[PDB]
Amino acid sequence: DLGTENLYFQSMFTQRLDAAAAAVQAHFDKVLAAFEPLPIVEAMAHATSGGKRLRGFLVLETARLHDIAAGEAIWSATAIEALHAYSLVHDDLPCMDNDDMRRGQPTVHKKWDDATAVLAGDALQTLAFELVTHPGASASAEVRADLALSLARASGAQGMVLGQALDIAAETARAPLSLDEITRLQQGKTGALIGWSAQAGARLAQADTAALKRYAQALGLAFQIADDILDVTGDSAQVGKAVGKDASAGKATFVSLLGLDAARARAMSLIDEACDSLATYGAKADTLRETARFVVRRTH
Amino acid sequence: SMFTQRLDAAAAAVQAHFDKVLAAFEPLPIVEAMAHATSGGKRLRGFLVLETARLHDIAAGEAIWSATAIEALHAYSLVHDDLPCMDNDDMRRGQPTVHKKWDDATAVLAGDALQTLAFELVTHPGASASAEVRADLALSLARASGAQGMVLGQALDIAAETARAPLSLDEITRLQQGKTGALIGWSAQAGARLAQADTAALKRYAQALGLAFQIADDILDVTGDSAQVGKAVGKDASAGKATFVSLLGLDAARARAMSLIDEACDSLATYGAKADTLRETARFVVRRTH
Ligand SMILES: CC(C)=CCC/C(C)=C/CSP(=O)(O)OP(=O)(O)O
Ligand SMILES: CC(C)=CCC/C(C)=C/CSP(=O)(O)OP(=O)(O)O
Ligand SMILES: C=C(C)CCOP(=O)(O)OP(=O)(O)O
Ligand SMILES: C=C(C)CCOP(=O)(O)OP(=O)(O)O
Ligand SMILES: [Ca+2]
Ligand SMILES: [Ca+2]
Ligand SMILES: [Ca+2]
Ligand SMILES: [Ca+2]
Ligand SMILES: [Ca+2]
Ligand SMILES: [Ca+2]
């Protein structure tokens, strides 16, 4: 029981999030069906099953906002979910965060072994780029090439991998970071893929990305604050991964620096910032407004 | 002489391109590890890109993006292959491996970011004025590199290590096709793809070249000198691997590699003498000491 009903999320948001999760899973199923039945591929399927699909949902809903067909947008939605999944397979490794459970199930290296986890994460990164450049993703090659270039910049040693590297350099020193420092780290480690996801609908429509980029800056920070709160107050049965971890690793997080009350308040302010950033879209962006409430109020 | 000069110049060009691109990233250990992992090498795959581009009258200043891309992808694959959980190698290209010099996390992440960089490099607008070309280069790269291509090969290779019986010739050949054939095939087809030209002849060339290359790599593991090859030798027997030498013997493996030179060369007939550097590359892949 995730306690979702108790939160009274808007009907359209709930229906659309449920449909997006089923659509992403169906697309992974179809794409992976073409691959050989070997442990690495089974591990790819394991690692991509489940999840909230926030990032894939952002792609689908920003595409909807820009009148892009769902049948095209699914490619980019699945792509970002593949990229995200790869990052978690590697993060969970013994040499990194060393976690035994993810999404309520054993992690890849636990169910198989470390080599299988390394390779499944490697192939999932590759699959993200296959999915965004597949001709089904857009009738425009310029759009596909730009989606892939942007994804590489979000994902690599200026984006997500940079954030990871900085995080590890902190874990190892058990170092005390300022609020600015953990914010710069967050921007790479988690902000970059959420930014790519929210900008995707505009990129697919060859439209201005500025409003969705601003939206995503707020949303991503709210999301990370919420994640840091769940580590402190959350229930491992609901969250599907171990909690209480950050303290033991000597991690400065938004909660360790600000305290819970002020972290919650900051996340609440960021809902407003995120919603304000959508003003130019008017009512058509209402699902994306409710997404900002979800990212803070979710139990998992 | 002209072949050797072209190869030397290509190696310098690829190193210069890595030096430019990587200097734009922050000066952190992960980026230092990316530079470490991409330095050196024969640059066979990059050279294939540059020379098949030349063949198809593509500008060298465009082709360098794809040449550096395939070298980044290849470099990533070696950083992960060398890991303790994989082949557990302490030396590569005469230098410590990334996990030895740094640590396993840094190796995992550097390899990750090098894969990502490969896709950044092919999709950068410099790679081609045609977005159709860039999207095609990226899509084909992903299909060559992932779990239908290079990673498939790696998965098959690891499964072989605890197979009940040694692999047959057909089985190690299918393994080779994924593990080393795929990236070599991408590299050779790159010039045709850059020109939106027919890839069939270069795909055939590369099927032969890649198999000859692996047979040669298997021969070097058996007869080669670690000081010359830059990595440990005798590894295959230690792991109990079926290889082309274990299945054929050295004499017959050498003769097969020579037969595949002829096949590679015949594949280029439609190009005439404009393809001579590619013919010399096939002879190189079998002659080479490292
Ligand atoms: C493996 C690479 C390059 C980057 C990892 C990016 C990433 C999303 C890290 C996880 S943030 P973290 O707070 O550690 O996430 P949970 O395990 O708590 O779900
Ligand atoms: C890490 C992944 C997915 C693939 C590795 C692909 C690759 C080129 C492996 C090396 S084949 P191998 O004969 O083992 O190469 P050497 O170490 O002998 O140079
Ligand atoms: C970036 C972070 C904090 C990793 C977990 O992300 P999610 O909380 O979105 O995980 P899933 O829904 O994909 O399981
Ligand atoms: C695919 C294999 C057999 C890995 C080594 O390839 P190379 O022998 O081309 O290595 P470098 O020149 O890049 O060092
Ligand atoms: Ca973690
Ligand atoms: Ca961590
Ligand atoms: Ca966390
Ligand atoms: Ca090896
Ligand atoms: Ca091996
Ligand atoms: Ca070898």
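Sequence lines set the chain letters: A, B, ... in the order given, protein chains first and strands last, and positions in each chain run from 1. One-based numbering, in listed order, for ligands and for the atoms of each. No hydrogens, no waters, no symmetry mates; every other heavy atom, side chains included, goes into these values.
- The single protein non-hydrogen atom nearest to atom 4 (C) of ligand 1 is A:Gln164 CB, 3.6 Å, given as residue, atom name and distance.
- Considering both main-chain and side-chain atoms, A:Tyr86 never comes within under 3.5 Å of ligand 1 through any nitrogen or oxygen pair.
- Near B:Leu109, the atoms of ligand 1 lying under 4.0 angstrom from a non-hydrogen atom of the residue are 3 (C).
- No side-chain donor-acceptor contact under 3.5 Å links A:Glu81 and A:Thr48.
- Residue contacts with ligand 1, taken as heavy atom pairs separated by less than 4.0 Å, do not involve A:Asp92 at all.
- The set of protein atoms (N, O or S) found at less than 3.0 Å from the Ca ion (ligand 5) reads A:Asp91 OD2, A:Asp97 OD2, by chain and number.
- Proximity of A:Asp228 to ligand 1, defined as any heavy-atom pair under 4.0 Å, is not found for any part of the residue.
- Taking both residues in full, the closest heavy atoms of B:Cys85 and A:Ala115 are given as O-CB, 3.6 Å, listed atom of the first, atom of the second, then distance.
- The only member of A:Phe223, A:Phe13, A:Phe57 that meets ring pair (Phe, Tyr, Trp, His ring centres under 6.0 Å) when paired with A:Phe294 is A:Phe13.
- You'll find the side chain of A:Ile182 reaches within 4.5 Å of the side chain of A:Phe254, heavy atoms only.
- Residue contacts with ligand 1 for A:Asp99 are absent, since no atom lies close enough (heavy atoms, distance under 4.0 Å).
- Remark: A:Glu273 does not engage A:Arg289 in a salt bridge, criterion side-chain N to carboxylate O under 4.0 Å.
- Heavy atoms only, all atoms of each residue included: A:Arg102 and A:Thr107 are closest at CB-CG2, 3.8 Å.
- Using a 4.0 Å heavy-atom cutoff, B:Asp112 is absent from the residues neighbouring ligand 1.
- Using a 4.0 Å cut-off to heavy atoms of A:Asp97, the atoms of ligand 1 that qualify are 14 (O).
- The heavy atom nearest to atom 1 (C) of ligand 1, out of those in A:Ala165, A:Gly156, A:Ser87, A:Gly121, is found in A:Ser87.
- Of all non-hydrogen atoms in A:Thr299 and A:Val239, the two that sit nearest each other are O-CG2, 3.8 Å.
- In terms of protein heavy-atom proximity, atom 18 (O) of ligand 1 is closest to A:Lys241 NZ, 3.3 Å.
- Shortest contact from atom 10 (C) of ligand 1 to any protein heavy atom: A:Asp91 OD2, 3.6 Å.
- Among A:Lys241, A:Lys111, A:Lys110, the one residue that satisfies the salt bridge (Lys or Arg N to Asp or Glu O under 4.0 Å) test with A:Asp100 is A:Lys110.
- The existence of a salt bridge linking A:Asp228 and A:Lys251 is excluded, since no basic side-chain nitrogen approaches an acidic carboxylate oxygen closer than 4.0 Å.
- The minimum distance between the Ca ion (ligand 6) and any N, O or S atom of A:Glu171 involves atom OE2.
- Cation-pi contact between A:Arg153 and B:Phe119: absent, since separation from the ring centre below 6.0 Å together with deviation from the ring axis within 45° is not met.
- The two residues B:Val108 and B:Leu83 come nearest to each other via the heavy atoms CG2-CD1, 4.1 Å.
- In this structure, the side chains of A:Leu83 and A:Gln125 come closer than 4.5 Å at one or more pairs of heavy atoms.
- The nearest heavy-atom contact from the protein to atom 13 (O) of ligand 1 is A:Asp227 OD2, 3.4 Å.
- Close to ligand 1: A:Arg102, with a non-hydrogen atom less than 4.0 angstrom away.
- With A:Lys189, A:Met160, A:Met96 as candidates, the residue nearest to atom 12 (P) of ligand 1 on a non-hydrogen basis is A:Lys189.
- Nearest approach of A:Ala63 to A:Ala73, heavy atoms of both residues: CB-CB, 3.6 Å.
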